[PDB]
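For reference, the structure is listed below as structure tokens.
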Amino acid sequence: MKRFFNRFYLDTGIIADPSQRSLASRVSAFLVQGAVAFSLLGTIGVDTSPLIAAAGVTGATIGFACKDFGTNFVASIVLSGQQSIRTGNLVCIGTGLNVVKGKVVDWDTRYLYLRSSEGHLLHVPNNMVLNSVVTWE
Amino acid sequence: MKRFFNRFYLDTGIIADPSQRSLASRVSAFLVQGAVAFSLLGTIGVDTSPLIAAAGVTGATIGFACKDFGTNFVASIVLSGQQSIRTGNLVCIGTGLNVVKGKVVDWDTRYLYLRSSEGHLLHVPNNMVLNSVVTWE
Amino acid sequence: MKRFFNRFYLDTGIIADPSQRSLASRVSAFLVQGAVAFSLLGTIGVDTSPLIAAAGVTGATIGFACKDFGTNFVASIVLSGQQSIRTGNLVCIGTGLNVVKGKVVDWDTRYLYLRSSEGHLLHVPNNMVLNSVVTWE
Amino acid sequence: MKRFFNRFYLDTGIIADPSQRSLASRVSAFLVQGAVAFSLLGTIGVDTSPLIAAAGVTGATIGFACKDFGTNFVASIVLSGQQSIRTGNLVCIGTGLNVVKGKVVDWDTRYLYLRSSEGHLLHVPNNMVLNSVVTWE
Amino acid sequence: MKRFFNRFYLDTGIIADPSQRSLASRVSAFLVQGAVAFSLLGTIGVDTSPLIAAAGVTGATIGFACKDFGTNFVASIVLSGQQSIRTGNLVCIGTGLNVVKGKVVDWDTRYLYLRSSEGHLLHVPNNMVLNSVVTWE
Amino acid sequence: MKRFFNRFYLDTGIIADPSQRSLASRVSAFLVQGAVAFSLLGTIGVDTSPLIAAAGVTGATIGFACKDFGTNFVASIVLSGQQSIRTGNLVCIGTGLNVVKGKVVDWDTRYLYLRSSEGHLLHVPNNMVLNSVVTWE
Amino acid sequence: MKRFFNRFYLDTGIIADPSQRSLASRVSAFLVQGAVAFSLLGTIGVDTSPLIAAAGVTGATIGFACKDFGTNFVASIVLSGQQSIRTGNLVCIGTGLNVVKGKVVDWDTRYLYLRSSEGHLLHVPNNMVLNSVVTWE
């Protein structure tokens, strides 16, 4: 199951980092195996309502705690294949006082790296890049 | 099922890009087939509560992670057929310091492209265009 | 069922546009027919929990994605029959720097149109008009 | 049932407008009759899970779409019987730049009307009056 | 049941106003009696799922509509027995431009009354007092 | 059960005030006894769905109304054992105009007390201290 | 079970502090044992719906009360292995007036410690570091 999930993630392009892909494949395989085991246990007569409730509560708490990380990952996935965000492109993000100015140097799954005029490296979250006015010179 | 979903999306006009339409058709066909298979499995006696709980948790997490993308897509769908947003029209979006000024050059499913006076390309999110005061000269 | 829903929407005044009324009637008729079919299927013994879960997840995601459009529509419905918002009335919306000044020219289900002193057409969202201080001269 | 709901709304003072009271009585009577009919149908053996799910989804979407209207109505109900908000009383609402200054002229279920020094009529939402610092001279 | 709920509210100190206490006692007695009646009806065989769903939807909508009132009431309950908020005490609420300055004159379940230097009566919501920096001279 | 809950709260250090500990022990014992009684009633055949629904709705409404108090309590629990927040330590909380300056004098479960340069006592909510930049000289 | 959870937390690197790891292991072991006991009780015939409802309500309230702590912990986990945040690195967090300037001195699971130019110790929450523009010189 781990190999199947790894191949699916590679083909769909959701995860490109091999380490993240392996970790996600392991997590997904564990979740699927647990769900199948719970269904098999409940088939024969064993009550599964407490187990389902506890698993759902834990999963909801974990997902709500990792909301920012998930949002940044989804923004990174969506922003892929954008002509504005390319290496060497001078971009400006934000309107008003909350403005960010620099040249794109590297692209990540959590941050967008810009090189300022003074040489400082700027780490702009991908969610911030998603919900903002991007100005490309 | 994929062809049926593709034809439905084409006729309803929700998705116009052929690639996005094909991807959405594949996803919808997979979801419908999975739901039918789960119902058939539960009909004969196999417990389906753990599978339903896991699928619902995963779907809720994915939908909450793609909230910004979905909102931008819905805003793009709604804004279609607006006389204010046309190629060559000079529009102004926002009130106060958070103001955006330019001429519409291209329209997308994620961004609204404006050409400033200096020539910089502005990427205004469609959700931002939805919930803002649009000024058309 | 489509004719019944169209007549109900016409009588209740929720939807006045014939095209929107027809689309809403078709959607409502489809939803009611699907619910009745699911209930009939579940009556004879076929498990319906996976189908109900999938339909509910899809409906919740769609409704949460169209939240802004629904809010604007409800604001348009509520604001109807307001003496302040009339054609030719000079109104001012907002307090502070985020202020909008103009004369009402046309009223829509998504936007409120104002003509500025310079002649620019202002598109004020109906939700913004709902939750703001309206100043009428 | 309509007469009973109308009398209850009149006695409890939640709704004072006869038209709004009649509309709310009709809606409540329809909801109660539908719930009783669904319970009776489910008693004899007909599956009611799809119908309950569809009705709940529709009701949740409608209630979330009318959130602002409901909040304004509740604020209007709560603010009743306040010595500060009386006809002819000079009140000031808000702190900082977002300030509203005028004399109370009329009170509504959606807006609070103030007459400025220049004579402009101010429409302050009741929810805004609830969650703000009210200054009475 | 009304007398029991009234005595409980009096002893626990949640509600001190006799009118509010009587209204809350009536509401709580009605809710408990309705729940017991529904349970008794469902015991003998009558389906109760539609009734439970409708009651839950109505209760959730009402509770979400009265969120501000409930929050202000809870803040009033919590703030009781605070040395800073006493009659004749000169307090300052808020930081920055959104600042409120005055002397405490009267305390309520919805508002905190302050007398300014000019003599204007300030109505500070109890929720605002809860989530703000209180400065006591 | 009250003694067991009191001892557990004392050992875990969640509640240190004897009065609050006793009140929480009474509430927890009542909740556990009610849950056990409901389970016993439902075991013999009495329908418990209406009772569970009503109890859950009431508990959710109460918990959502006491959200600020619960958040402040949790922040007080978390901030315990912080070298920055000590008696006699000069700390500064917040960035920008919304800044608070003073010396720590007393620590509470709802507020953090600071003594300004002029001698005014500042009541900073513990939730505000949690989600802010603390500057220690 | 406590030893298994402790080893899992150590291997996965989610918790590095031995005290926090032991506390989390105890909590997780208690939760798993309680879920298994509830399932075993419900298998033989004892109704478990009230117990599940009460446990779920309590868990949801606790998780919503500890939302800030959980978010800060998740941000601390995510930020690990970032070249920008290292001891002795001069970083700047935030844009506009809400800006923080200093040199990293120590890293924690709740705060990020910076040494200003004047020598004041700055406590920047990890969630704030996650959702902000980090400037590294």
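Following the order of the structure tokens, first chain is A, next is B, and so on, with residues numbered from 1 inside each chain and ligands from 1 in the order they appear.
Using only C-alpha atoms, the protein and nucleic acid residues lying no more than 12 Å from residue 118 in chain G, apart from those fewer than 4 places from it along its own chain, are residues 135, 136 and 137 of chain F; 101, 102, 103, 114 and 122 of chain G.
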Could you tell me which residues of chain E sit within 9 Å of chain D when counting only C-alpha atoms, and give me the result as number ranges by chain? E: 45-51, 53-54, 57, 61-62, 64-69, 97-100, 118-125, 127-128
Could you write out the selected residues, including C-alpha atoms, as a CSV table (one decimal), in the first residue's frame?
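New file part11.csv:
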```
chain,number,residue,atom,x,y,z
E,45,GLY,CA,-42.0,3.2,18.7
E,46,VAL,CA,-42.7,6.6,17.1
E,47,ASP,CA,-39.8,7.8,15.0
E,48,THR,CA,-38.2,10.9,16.5
E,49,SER,CA,-35.3,11.6,14.1
E,50,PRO,CA,-37.2,14.4,12.1
E,51,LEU,CA,-38.3,16.1,15.3
E,53,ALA,CA,-33.3,17.2,13.6
E,54,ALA,CA,-35.7,20.1,13.4
E,57,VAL,CA,-31.5,23.1,13.7
E,61,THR,CA,-29.8,28.9,14.6
E,62,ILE,CA,-31.2,30.7,17.6
E,64,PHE,CA,-25.8,31.4,16.8
E,65,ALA,CA,-28.1,34.5,16.4
E,66,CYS,CA,-27.9,35.3,20.1
E,67,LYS,CA,-24.1,34.8,20.2
E,68,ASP,CA,-23.3,38.4,21.1
E,69,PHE,CA,-25.9,38.6,23.8
E,97,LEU,CA,-6.9,55.3,19.4
E,98,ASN,CA,-9.7,52.9,20.5
E,99,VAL,CA,-9.5,54.1,24.1
E,100,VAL,CA,-12.3,54.8,26.6
E,118,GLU,CA,-17.4,66.2,30.0
E,119,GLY,CA,-20.2,64.3,31.6
E,120,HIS,CA,-21.2,62.0,28.7
E,121,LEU,CA,-22.4,58.5,29.7
E,122,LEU,CA,-20.3,55.8,28.0
E,123,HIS,CA,-21.8,52.3,27.4
E,124,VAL,CA,-18.9,49.9,27.1
E,125,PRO,CA,-19.9,46.3,26.2
E,127,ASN,CA,-17.3,41.6,26.1
E,128,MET,CA,-15.1,44.6,25.2
```
Apply DSSP to the backbone of this structure and, from range 1-136 of chain C, keep only the residues in strand (DSSP E or B); write these as a PyMOL selection string. chain C and resi 90-93+100-107+111-115+121-125+134-136
Output N, CA, C and O atoms for every residue in the selection just made, as a tab-separated table (two decimals), in the first residue's frame.
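Here's the written file selection-v9.tsv:
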```tsv
chain	number	residue	atom	x	y	z
C	90	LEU	N	-28.63	60.53	-3.46
C	90	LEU	CA	-27.20	60.69	-3.19
C	90	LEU	C	-26.90	60.07	-1.84
C	90	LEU	O	-27.36	60.56	-0.80
C	91	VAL	N	-26.13	58.98	-1.84
C	91	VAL	CA	-25.85	58.23	-0.62
C	91	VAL	C	-24.35	58.14	-0.42
C	91	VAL	O	-23.55	58.29	-1.35
C	92	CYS	N	-23.96	57.90	0.83
C	92	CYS	CA	-22.57	57.73	1.22
C	92	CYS	C	-22.47	56.51	2.11
C	92	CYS	O	-23.20	56.40	3.11
C	93	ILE	N	-21.57	55.59	1.77
C	93	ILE	CA	-21.46	54.30	2.44
C	93	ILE	C	-20.08	54.18	3.06
C	93	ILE	O	-19.07	54.39	2.37
C	100	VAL	N	-17.36	55.60	0.51
C	100	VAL	CA	-17.82	55.55	-0.87
C	100	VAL	C	-18.89	56.62	-1.05
C	100	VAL	O	-19.85	56.67	-0.26
C	101	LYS	N	-18.74	57.45	-2.07
C	101	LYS	CA	-19.59	58.62	-2.27
C	101	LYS	C	-20.10	58.61	-3.70
C	101	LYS	O	-19.31	58.49	-4.65
C	102	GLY	N	-21.41	58.74	-3.87
C	102	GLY	CA	-21.97	58.76	-5.21
C	102	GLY	C	-23.49	58.82	-5.17
C	102	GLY	O	-24.10	58.88	-4.10
C	103	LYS	N	-24.07	58.80	-6.37
C	103	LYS	CA	-25.52	58.84	-6.55
C	103	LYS	C	-25.98	57.52	-7.14
C	103	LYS	O	-25.38	57.02	-8.10
C	104	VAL	N	-27.05	56.96	-6.58
C	104	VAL	CA	-27.55	55.67	-7.04
C	104	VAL	C	-28.09	55.80	-8.45
C	104	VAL	O	-28.90	56.69	-8.75
C	105	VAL	N	-27.64	54.91	-9.35
C	105	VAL	CA	-28.07	54.90	-10.73
C	105	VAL	C	-28.80	53.61	-11.10
C	105	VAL	O	-29.78	53.64	-11.85
C	106	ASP	N	-28.34	52.47	-10.58
C	106	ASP	CA	-28.94	51.19	-10.91
C	106	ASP	C	-28.74	50.26	-9.73
C	106	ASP	O	-27.78	50.40	-8.97
C	107	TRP	N	-29.66	49.31	-9.58
C	107	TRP	CA	-29.64	48.35	-8.49
C	107	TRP	C	-29.62	46.93	-9.05
C	107	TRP	O	-30.37	46.62	-9.99
C	111	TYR	N	-24.45	43.88	-6.94
C	111	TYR	CA	-23.77	45.15	-6.76
C	111	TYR	C	-24.79	46.27	-6.61
C	111	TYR	O	-25.94	46.15	-7.06
C	112	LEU	N	-24.36	47.35	-5.98
C	112	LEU	CA	-25.11	48.60	-5.93
C	112	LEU	C	-24.31	49.65	-6.68
C	112	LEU	O	-23.16	49.94	-6.31
C	113	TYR	N	-24.90	50.22	-7.73
C	113	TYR	CA	-24.18	51.10	-8.64
C	113	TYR	C	-24.37	52.55	-8.23
C	113	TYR	O	-25.50	53.00	-8.04
C	114	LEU	N	-23.26	53.27	-8.10
C	114	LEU	CA	-23.27	54.68	-7.76
C	114	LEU	C	-22.46	55.45	-8.79
C	114	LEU	O	-21.46	54.95	-9.31
C	115	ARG	N	-22.90	56.68	-9.07
C	115	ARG	CA	-22.20	57.57	-9.99
C	115	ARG	C	-21.48	58.64	-9.18
C	115	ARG	O	-22.12	59.42	-8.47
C	121	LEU	N	-18.24	54.88	-12.32
C	121	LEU	CA	-19.27	53.98	-11.82
C	121	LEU	C	-18.70	53.13	-10.70
C	121	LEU	O	-17.70	52.43	-10.88
C	122	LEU	N	-19.34	53.19	-9.53
C	122	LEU	CA	-18.89	52.46	-8.35
C	122	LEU	C	-19.75	51.22	-8.16
C	122	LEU	O	-20.98	51.29	-8.23
C	123	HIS	N	-19.09	50.09	-7.92
C	123	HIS	CA	-19.77	48.81	-7.69
C	123	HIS	C	-19.57	48.44	-6.22
C	123	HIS	O	-18.53	47.90	-5.85
C	124	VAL	N	-20.57	48.73	-5.40
C	124	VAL	CA	-20.53	48.45	-3.97
C	124	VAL	C	-21.25	47.13	-3.73
C	124	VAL	O	-22.43	47.01	-4.08
C	125	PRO	N	-20.58	46.12	-3.17
C	125	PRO	CA	-21.27	44.86	-2.88
C	125	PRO	C	-22.42	45.07	-1.90
C	125	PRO	O	-22.34	45.89	-0.99
C	134	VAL	N	-24.86	53.86	6.28
C	134	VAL	CA	-25.32	54.50	5.06
C	134	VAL	C	-25.73	55.92	5.38
C	134	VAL	O	-26.57	56.15	6.26
C	135	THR	N	-25.14	56.88	4.68
C	135	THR	CA	-25.43	58.30	4.87
C	135	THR	C	-26.20	58.81	3.66
C	135	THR	O	-25.68	58.77	2.54
C	136	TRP	N	-27.41	59.29	3.88
C	136	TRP	CA	-28.29	59.77	2.82
C	136	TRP	C	-28.49	61.26	2.99
C	136	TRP	O	-28.91	61.72	4.05
```
Write out as a short mmCIF file (atom, residue, chain, number, x, y, z; two decimals) with N, CA, C and O atoms, in the first residue's frame all residues of chain G that DSSP puts in helix (DSSP H, G or I) for this structure's backbone.
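Dumped to states-v1.cif:
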```
data_model
loop_
_atom_site.label_atom_id
_atom_site.label_comp_id
_atom_site.auth_asym_id
_atom_site.auth_seq_id
_atom_site.Cartn_x
_atom_site.Cartn_y
_atom_site.Cartn_z
N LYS G 2 2.03 3.10 27.62
CA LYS G 2 2.77 4.34 27.85
C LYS G 2 4.16 4.27 27.22
O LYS G 2 4.61 5.23 26.58
N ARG G 3 4.85 3.14 27.39
CA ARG G 3 6.18 2.99 26.80
C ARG G 3 6.11 3.00 25.28
O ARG G 3 6.97 3.59 24.62
N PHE G 4 5.10 2.35 24.71
CA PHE G 4 4.95 2.34 23.25
C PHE G 4 4.73 3.75 22.72
O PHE G 4 5.35 4.15 21.73
N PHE G 5 3.85 4.51 23.37
CA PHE G 5 3.59 5.88 22.92
C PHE G 5 4.82 6.76 23.10
O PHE G 5 5.11 7.61 22.25
N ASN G 6 5.56 6.57 24.20
CA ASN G 6 6.79 7.34 24.40
C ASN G 6 7.81 7.05 23.31
O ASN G 6 8.43 7.96 22.77
N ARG G 7 7.99 5.77 22.98
CA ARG G 7 8.93 5.41 21.93
C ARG G 7 8.49 5.95 20.58
O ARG G 7 9.32 6.42 19.79
N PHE G 8 7.19 5.90 20.29
CA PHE G 8 6.69 6.44 19.03
C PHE G 8 6.93 7.94 18.94
O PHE G 8 7.35 8.45 17.89
N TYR G 9 6.66 8.67 20.02
CA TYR G 9 6.88 10.11 20.02
C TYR G 9 8.36 10.44 19.89
O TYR G 9 8.73 11.41 19.22
N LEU G 10 9.23 9.65 20.53
CA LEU G 10 10.67 9.87 20.39
C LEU G 10 11.14 9.62 18.96
O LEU G 10 11.92 10.41 18.41
N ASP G 11 10.67 8.54 18.34
CA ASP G 11 11.11 8.20 16.99
C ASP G 11 10.59 9.20 15.97
O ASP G 11 11.32 9.60 15.05
N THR G 12 9.32 9.61 16.10
CA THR G 12 8.74 10.52 15.12
C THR G 12 9.22 11.96 15.30
O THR G 12 9.04 12.78 14.39
N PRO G 18 11.54 15.34 27.36
CA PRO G 18 11.14 14.10 28.04
C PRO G 18 9.90 14.25 28.91
O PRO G 18 9.08 13.33 28.96
N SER G 19 9.75 15.39 29.59
CA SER G 19 8.58 15.58 30.44
C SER G 19 7.30 15.68 29.61
O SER G 19 6.29 15.03 29.92
N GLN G 20 7.33 16.50 28.56
CA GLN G 20 6.18 16.60 27.67
C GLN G 20 5.89 15.26 27.00
O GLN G 20 4.73 14.89 26.82
N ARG G 21 6.94 14.53 26.62
CA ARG G 21 6.75 13.23 26.00
C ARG G 21 6.07 12.26 26.96
O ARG G 21 5.15 11.53 26.56
N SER G 22 6.50 12.24 28.22
CA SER G 22 5.87 11.36 29.20
C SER G 22 4.42 11.74 29.45
O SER G 22 3.54 10.87 29.53
N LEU G 23 4.14 13.04 29.56
CA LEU G 23 2.76 13.48 29.78
C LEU G 23 1.87 13.11 28.60
O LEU G 23 0.75 12.62 28.78
N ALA G 24 2.35 13.34 27.38
CA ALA G 24 1.58 12.99 26.19
C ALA G 24 1.38 11.49 26.08
O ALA G 24 0.31 11.03 25.67
N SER G 25 2.40 10.70 26.44
CA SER G 25 2.26 9.25 26.42
C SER G 25 1.19 8.79 27.41
O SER G 25 0.37 7.93 27.09
N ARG G 26 1.19 9.37 28.61
CA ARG G 26 0.17 9.01 29.59
C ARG G 26 -1.22 9.38 29.10
O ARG G 26 -2.16 8.58 29.21
N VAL G 27 -1.37 10.57 28.53
CA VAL G 27 -2.68 11.00 28.04
C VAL G 27 -3.16 10.10 26.91
O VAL G 27 -4.32 9.67 26.89
N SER G 28 -2.27 9.78 25.96
CA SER G 28 -2.66 8.93 24.84
C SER G 28 -3.01 7.52 25.29
O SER G 28 -3.97 6.93 24.79
N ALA G 29 -2.23 6.97 26.22
CA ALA G 29 -2.54 5.64 26.74
C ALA G 29 -3.89 5.63 27.44
O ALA G 29 -4.68 4.69 27.27
N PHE G 30 -4.17 6.67 28.23
CA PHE G 30 -5.46 6.75 28.90
C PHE G 30 -6.60 6.83 27.89
O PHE G 30 -7.62 6.16 28.04
N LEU G 31 -6.43 7.64 26.84
CA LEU G 31 -7.48 7.77 25.83
C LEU G 31 -7.72 6.45 25.11
O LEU G 31 -8.88 6.05 24.90
N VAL G 32 -6.65 5.76 24.72
CA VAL G 32 -6.80 4.49 24.01
C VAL G 32 -7.46 3.44 24.90
O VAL G 32 -8.35 2.71 24.46
N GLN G 33 -7.03 3.36 26.16
CA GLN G 33 -7.63 2.40 27.08
C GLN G 33 -9.10 2.70 27.31
O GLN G 33 -9.93 1.79 27.35
N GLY G 34 -9.45 3.99 27.44
CA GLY G 34 -10.85 4.35 27.60
C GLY G 34 -11.69 3.99 26.39
O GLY G 34 -12.81 3.49 26.53
N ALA G 35 -11.16 4.24 25.19
CA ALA G 35 -11.89 3.88 23.98
C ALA G 35 -12.10 2.37 23.88
O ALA G 35 -13.19 1.91 23.53
N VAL G 36 -11.06 1.59 24.20
CA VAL G 36 -11.19 0.14 24.15
C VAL G 36 -12.20 -0.35 25.18
O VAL G 36 -13.02 -1.24 24.90
N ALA G 37 -12.17 0.22 26.39
CA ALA G 37 -13.13 -0.17 27.42
C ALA G 37 -14.55 0.17 27.01
O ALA G 37 -15.48 -0.62 27.23
N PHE G 38 -14.76 1.35 26.41
CA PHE G 38 -16.09 1.72 25.95
C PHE G 38 -16.58 0.78 24.86
O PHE G 38 -17.75 0.37 24.85
N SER G 39 -15.70 0.42 23.92
CA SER G 39 -16.09 -0.52 22.87
C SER G 39 -16.45 -1.88 23.45
O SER G 39 -17.43 -2.50 23.03
N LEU G 40 -15.66 -2.36 24.41
CA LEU G 40 -15.95 -3.65 25.03
C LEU G 40 -17.28 -3.60 25.78
O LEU G 40 -18.06 -4.56 25.73
N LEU G 41 -17.55 -2.50 26.47
CA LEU G 41 -18.83 -2.36 27.18
C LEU G 41 -20.00 -2.34 26.20
O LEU G 41 -21.02 -2.99 26.44
N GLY G 42 -19.86 -1.61 25.09
CA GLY G 42 -20.92 -1.57 24.11
C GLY G 42 -21.11 -2.86 23.34
O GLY G 42 -22.19 -3.09 22.79
N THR G 43 -20.08 -3.71 23.30
CA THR G 43 -20.21 -4.99 22.61
C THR G 43 -21.24 -5.89 23.28
O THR G 43 -22.04 -6.55 22.61
N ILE G 44 -21.23 -5.94 24.62
CA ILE G 44 -22.09 -6.88 25.33
C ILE G 44 -23.54 -6.42 25.41
O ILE G 44 -24.42 -7.23 25.71
N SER G 49 -24.11 5.46 23.80
CA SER G 49 -24.33 6.76 23.17
C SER G 49 -24.16 7.93 24.14
O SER G 49 -23.49 8.91 23.77
N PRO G 50 -24.74 7.92 25.35
CA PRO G 50 -24.49 9.05 26.26
C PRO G 50 -23.03 9.23 26.63
O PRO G 50 -22.54 10.36 26.68
N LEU G 51 -22.31 8.13 26.88
CA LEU G 51 -20.90 8.23 27.22
C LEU G 51 -20.09 8.80 26.06
O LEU G 51 -19.23 9.66 26.26
N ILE G 52 -20.37 8.33 24.84
CA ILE G 52 -19.66 8.84 23.68
C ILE G 52 -19.96 10.32 23.48
O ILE G 52 -19.06 11.11 23.18
N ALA G 53 -21.22 10.72 23.64
CA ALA G 53 -21.58 12.12 23.47
C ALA G 53 -20.88 13.01 24.49
O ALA G 53 -20.33 14.06 24.15
N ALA G 54 -20.88 12.59 25.76
CA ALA G 54 -20.23 13.39 26.80
C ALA G 54 -18.73 13.47 26.57
O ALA G 54 -18.14 14.56 26.69
N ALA G 55 -18.09 12.35 26.23
CA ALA G 55 -16.66 12.36 25.98
C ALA G 55 -16.32 13.23 24.78
O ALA G 55 -15.34 13.99 24.82
N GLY G 56 -17.11 13.16 23.72
CA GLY G 56 -16.86 13.98 22.55
C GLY G 56 -17.03 15.46 22.84
O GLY G 56 -16.24 16.28 22.37
N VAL G 57 -18.07 15.82 23.60
CA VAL G 57 -18.28 17.22 23.95
C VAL G 57 -17.12 17.75 24.78
O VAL G 57 -16.58 18.83 24.53
N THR G 58 -16.70 16.97 25.79
CA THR G 58 -15.58 17.39 26.63
C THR G 58 -14.30 17.52 25.81
O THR G 58 -13.55 18.50 25.97
N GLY G 59 -14.02 16.55 24.94
CA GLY G 59 -12.82 16.62 24.13
C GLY G 59 -12.83 17.79 23.16
O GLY G 59 -11.81 18.45 22.97
N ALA G 60 -13.98 18.06 22.54
CA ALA G 60 -14.08 19.19 21.64
C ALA G 60 -13.88 20.51 22.37
O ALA G 60 -13.17 21.40 21.88
N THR G 61 -14.48 20.65 23.56
CA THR G 61 -14.29 21.87 24.33
C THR G 61 -12.83 22.05 24.73
O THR G 61 -12.28 23.15 24.63
N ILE G 62 -12.18 20.97 25.18
CA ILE G 62 -10.78 21.06 25.58
C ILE G 62 -9.90 21.41 24.39
O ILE G 62 -9.01 22.27 24.48
N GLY G 63 -10.13 20.76 23.24
CA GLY G 63 -9.33 21.04 22.07
C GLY G 63 -9.52 22.44 21.54
O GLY G 63 -8.58 23.06 21.04
N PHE G 64 -10.75 22.97 21.63
CA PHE G 64 -10.99 24.34 21.19
C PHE G 64 -10.42 25.34 22.18
O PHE G 64 -10.09 26.47 21.80
N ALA G 65 -10.30 24.96 23.46
CA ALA G 65 -9.70 25.85 24.44
C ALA G 65 -8.18 25.90 24.30
O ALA G 65 -7.57 26.95 24.55
N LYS G 67 -6.50 25.68 21.51
CA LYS G 67 -6.20 25.87 20.09
C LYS G 67 -4.91 26.65 19.89
O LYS G 67 -4.09 26.29 19.04
N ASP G 68 -4.70 27.71 20.68
CA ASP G 68 -3.48 28.51 20.53
C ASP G 68 -2.24 27.71 20.89
O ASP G 68 -1.23 27.77 20.18
N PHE G 69 -2.30 26.94 21.98
CA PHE G 69 -1.16 26.12 22.37
C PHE G 69 -0.85 25.07 21.31
O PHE G 69 0.31 24.85 20.95
N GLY G 70 -1.89 24.41 20.78
CA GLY G 70 -1.67 23.42 19.74
C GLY G 70 -1.09 24.03 18.48
O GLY G 70 -0.19 23.46 17.85
N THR G 71 -1.58 25.21 18.09
CA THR G 71 -1.06 25.89 16.91
C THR G 71 0.40 26.27 17.09
O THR G 71 1.22 26.10 16.18
N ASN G 72 0.76 26.78 18.27
CA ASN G 72 2.15 27.13 18.54
C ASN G 72 3.04 25.89 18.51
O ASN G 72 4.16 25.93 17.98
N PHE G 73 2.56 24.78 19.07
CA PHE G 73 3.34 23.54 19.04
C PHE G 73 3.55 23.06 17.61
O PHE G 73 4.66 22.65 17.24
N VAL G 74 2.50 23.10 16.78
CA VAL G 74 2.62 22.65 15.40
C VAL G 74 3.57 23.56 14.63
O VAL G 74 4.36 23.10 13.80
N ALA G 75 3.51 24.87 14.88
CA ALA G 75 4.43 25.79 14.24
C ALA G 75 5.87 25.51 14.65
O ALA G 75 6.78 25.57 13.82
N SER G 76 6.09 25.20 15.93
CA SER G 76 7.43 24.82 16.38
C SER G 76 7.92 23.57 15.67
O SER G 76 9.09 23.48 15.29
N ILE G 77 7.03 22.58 15.50
CA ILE G 77 7.41 21.35 14.81
C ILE G 77 7.78 21.65 13.36
O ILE G 77 8.78 21.14 12.84
N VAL G 78 6.97 22.47 12.69
CA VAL G 78 7.18 22.74 11.27
C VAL G 78 8.46 23.54 11.05
O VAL G 78 9.25 23.23 10.15
N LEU G 79 8.69 24.57 11.86
CA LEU G 79 9.83 25.46 11.67
C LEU G 79 11.17 24.77 11.90
O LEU G 79 12.21 25.35 11.54
N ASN G 126 5.62 31.22 17.96
CA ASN G 126 5.98 30.45 16.77
C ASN G 126 4.91 30.54 15.69
O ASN G 126 5.23 30.51 14.50
N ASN G 127 3.64 30.65 16.08
CA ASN G 127 2.58 30.86 15.10
C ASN G 127 2.76 32.18 14.38
O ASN G 127 2.52 32.28 13.17
N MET G 128 3.18 33.22 15.10
CA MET G 128 3.46 34.50 14.47
C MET G 128 4.61 34.38 13.47
O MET G 128 4.57 34.98 12.40
N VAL G 129 5.64 33.60 13.82
CA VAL G 129 6.76 33.40 12.90
C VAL G 129 6.31 32.63 11.67
O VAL G 129 6.80 32.88 10.56
N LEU G 130 5.37 31.69 11.83
CA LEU G 130 4.88 30.92 10.69
C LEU G 130 4.19 31.82 9.67
O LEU G 130 4.53 31.80 8.48
#
```
Have a look at CA of residue 82 in chain B and CA of residue 15 in chain B and let me know their distance in Å, one decimal. 17.6 Å
